Structures are given as structure tokens and as C-alpha cells.
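Residue numbers (PDB author numbering), protein chains in the order written: chain e, 7 to 42; chain b, 1 to 127; chain A, 1 to 127. Contents: one structure, followed by commentary.
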Amino acid sequence: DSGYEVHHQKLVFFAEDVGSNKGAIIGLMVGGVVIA
Amino acid sequence: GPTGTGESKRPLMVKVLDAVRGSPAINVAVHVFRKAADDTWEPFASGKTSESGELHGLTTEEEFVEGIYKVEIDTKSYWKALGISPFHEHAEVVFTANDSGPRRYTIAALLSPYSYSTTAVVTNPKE
Amino acid sequence: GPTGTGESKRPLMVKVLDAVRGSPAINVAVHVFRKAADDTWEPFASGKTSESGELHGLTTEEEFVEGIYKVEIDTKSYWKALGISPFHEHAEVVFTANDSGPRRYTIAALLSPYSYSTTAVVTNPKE
């Protein structure tokens, strides 16, 4: 066992989500011009 | 965002019924009360709602720091404007929230003269 | 270089304040704790600092292999010498370092009886 049985609350008894990402792929698409 | 008055967090928009009037909470003069650990509540400020019980912009929406605060349909100050004696300036009742995340239901109180439960048309978990 | 005791890597030289004494860490008996992946820490050895919180030469400076090790101003063993009850033998807190190169700041802990933050006069990136 471990202390992350708190995440065994995060089974069935969990529903929520918010996020914001995709800044590195912006640089990888600014870097879509030269990769070699 | 909306400084002063706005509805970003949806603070209050609902259909209300009255106990003695059978109508939405028409122009409720508002005293906001705050639950303490010894169950008693203290007044905060003053206002007057809409016909549907809606009062906004007591303070700035985001500059107002969060806490045990309320948009209460207060029996003490509203029913004073009608000249009938109220009893519930506040009510020492328990309330529980926020086990695994916040939702949107604010305490729109039952307009009864001496007392209040909470009256609102209930909405589902929705962003 | 300096075998046993020395200050090649600048392990500890700073001015300290105390939470309950308002002074530098006078003669802190030291228990060194090591952060694990399940957040708990285990003791390493024993000592007693200077008046300014400085303890050196627990092992040989270069023969001591590197790792998750510390010169801790420990609340558990120092405040035992004063007869008051401590609580933080260690503290399960996160710490991050070494993204693009190592610098010189070692954990000189806040002398509080039950707890510790980290107390040191901060120095700039300097070789």
C-alpha cells in the first residue's frame, strides 16, 4: 500500500477537467522549417 | 473581467416563488450574513434585488476577496419595507459543499416573513 | 583538496536568524535527512554547528559520494538540547534544482522548535 489511496478516491468518484497547452509544438512548427 | 457588475461565475439568475406572495422575490432589500463557527451570522451590506430576486454589484466582482459570503434574500430587511415583523435575520443551519470541486448554486432564500429556506429552480452541473 | 574539512564548493557560510531566539543558529546539533520518492526522510549522522549555524567535516569532503544529502539545521535534535518538544524531524516538502547547471545554496533551516523553513542570507550566482 501507499499514500496514493487518495487517488483511489479519484476512481468513479471524480469528474472535472480544465487545461491549456500546445506552446512547444508552436516552436516545433516555427521549427517546422529547419530540423536537419 | 466585468468590474463591478457581471455574471462570469453565474452568481444569480433563477426563477423564484414566494411563501406568502406566490411570486418571484420582488425588490428584496438584502442583508448578507456570514456563517461562523459558533453558528451565528453577522450583517455585511445593503441593496435591493430585481423582481426575480437578483442583486449584483454590491462590490467589485473580482476585487471582492472570496470567503463565507452570500447573496441572501433576507427576511429581516426586505419584509421591514412591507411593515410586517420578520424573525430570521439569519438562521443557524449547517451547510456542506466542495468535496471534490465547486459548482454553481447560490443561496436564493425563501421569501417567508419570519423565516427562510432556500428557493431556486435547480440547474445541472454545467460550465 | 581539503580532506575532511574545507570550503572548496562553499558548503556553508551565511548569516542566520532564529524564529524564537532571533539569533544565528547557535551550536545546532544536526541530523541530516534524505528526500525519498515517497516523500519521507531518514537520519544520517550527528554533529553540532557553530554559533552561525555552520557544521563541516561530518565525512571527508571528496570521499563522500554525492547524492541526496544535506547540512540540515534540524529541529528534532537541536531543540532536544534545550528541552522543548520539536515536531519537524523532517518535512515532506518538494524541492527543485539543476535545470541547466548547479549553483551554491545549501539548506540552512529555520530554527523554529516544531518546524523549519530555510533561512539564509541569499547570494548571487558567483564562482
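Ideal Cβ positions, reconstructed from N, Cα and C, are used throughout, including at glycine.
> In this structure, does DSSP put residue 194 of chain A in helix, strand or coil?
Replying inline: Outside the displayed range of chain A (1 to 127) lies residue 194 of chain A, so it cannot be described from this structure.
> Whole-angstrom Cβ separation of residue 32 of chain A and residue 70 of chain A, contact assumed at under 8 Å?
Replying inline: Against the third sequence, residue 32 of chain A aligns to sequence position 32. Against the third sequence, residue 70 of chain A aligns to sequence position 70. Contact flag correct, Cβ pair sits at about 5 Å.
> When we look at the beta-carbon of residue 73 of chain b and count the other beta-carbons within 10 Å, is it buried (16 or more) or exposed?
Replying inline: The count along the second sequence starts at 1 and reaches residue 73 of chain b at position 73. By the C-beta density criterion, residue 73 of chain b is buried, having at least 16 other C-beta atoms within 10 angstroms.
>> Beta-carbon within less than 8 Å of residue 42 of chain b's beta-carbon, same chain only, minus the 5 sequence neighbours each way: which residues are those?
In response: By 1-based counting over the second sequence, the position of residue 42 of chain b is 42. Contacts found: 33, 34 and 36.
> Between the segment 8-17 of chain b and the segment 51-61 of chain b, do three or more beta carbon pairs fall short of 8 Å?
Replying inline: Yes: at least three Cβ pairs fall under 8 Å.
> Short check: CB of residue 57 of chain A to CB of residue 29 of chain A, under 8 Å?
Replying inline: The residue labelled residue 57 of chain A in the question sits at position 57 within the third sequence. The residue labelled residue 29 of chain A in the question sits at position 29 within the third sequence. Contact: no.
> Alpha carbon to alpha carbon, how far is residue 3 of chain A from residue 63 of chain A?
Replying inline: Within the third sequence, numbered from 1, the residue matching residue 3 of chain A stands at position 3. Within the third sequence, numbered from 1, the residue matching residue 63 of chain A stands at position 63. Cα to Cα, the separation comes out at about 8 Å.
> Under a CB-based cut-off of 8 Å, is residue 100 of chain b close to chain e?
Replying inline: The sequence position of residue 100 of chain b within the second sequence is 100, counting from 1. With 8 Å as the cut-off, residue 100 of chain b counts as an interface residue toward chain e.
>> Just to make sure I have the definition right: I need the residues of chain b whose C-beta is within less than 9 Å of the C-beta of residue 11 of chain e. Which are they?
In response: Numbered from its first residue, the first sequence carries residue 11 of chain e at position 5. By Cβ distance, chain b contributes nothing, its closest Cβ being about 15 Å from residue 11 of chain e, past 9 Å.
> Between b/22, b/101 and b/10, which lies nearest to residue 107 of chain b when the distance is taken from Cα to Cα?
Replying inline: Mapped onto the second sequence, residue 107 of chain b falls at position 107. When only C-alpha atoms are compared, the closest one is b/10.
> What do you get for residue 24 of chain A, buried or exposed, if any count of 16 or more other CB atoms within 10 angstroms of its CB means buried?
Replying inline: Along the third sequence, read from residue 1 onward, the residue named residue 24 of chain A stands at position 24. Buried, by the Cβ-count rule.
>> Whole angstroms are fine: how far does the CA of residue 126 of chain A sit from the CA of residue 22 of chain A?
In response: One-based indexing of the third sequence puts residue 22 of chain A at position 22. One-based indexing of the third sequence puts residue 126 of chain A at position 126. Using only the alpha carbons, I get a separation of about 28 Å.
> Any idea if residue 109 of chain A is buried or exposed, counting beta-carbon neighbours within 10 angstroms, 16 or more meaning buried?
Replying inline: Position 109 of the third sequence, counting from 1, holds the residue named residue 109 of chain A. When all chains shown are included, residue 109 of chain A counts as buried.
> Is any beta-carbon of chain D found at less than 8 Å from that of residue 125 of chain A?
Replying inline: Of the protein chains in the structure, e, b and A, none is chain D.
>> Taking 8 Å as the threshold (C-beta atoms), are residue 75 of chain A and residue 112 of chain A in contact?
In response: If you number the third sequence from 1, residue 112 of chain A lands on position 112. If you number the third sequence from 1, residue 75 of chain A lands on position 75. Cβ distance < 8 Å, so residue 112 of chain A and residue 75 of chain A count as in contact.
>> Which residue marks the beginning of the alpha helix (DSSP H) containing residue 35 of chain b, and which one marks its end?
In response: Your numbering for residue 35 of chain b matches position 35 in the second sequence. Unbroken run through residue 35 of chain b is the beta strand (DSSP E), 33-35; no alpha helix (DSSP H).
> Is residue 115 of chain b closer than 8 Å to residue 95 of chain b when the C-beta atoms are compared?
Replying inline: In the second sequence, residue 95 of chain b corresponds to position 95, counting from 1. In the second sequence, residue 115 of chain b corresponds to position 115, counting from 1. Taking 8 Å as the Cβ cut-off, residue 95 of chain b and residue 115 of chain b do not qualify as a contacting pair.
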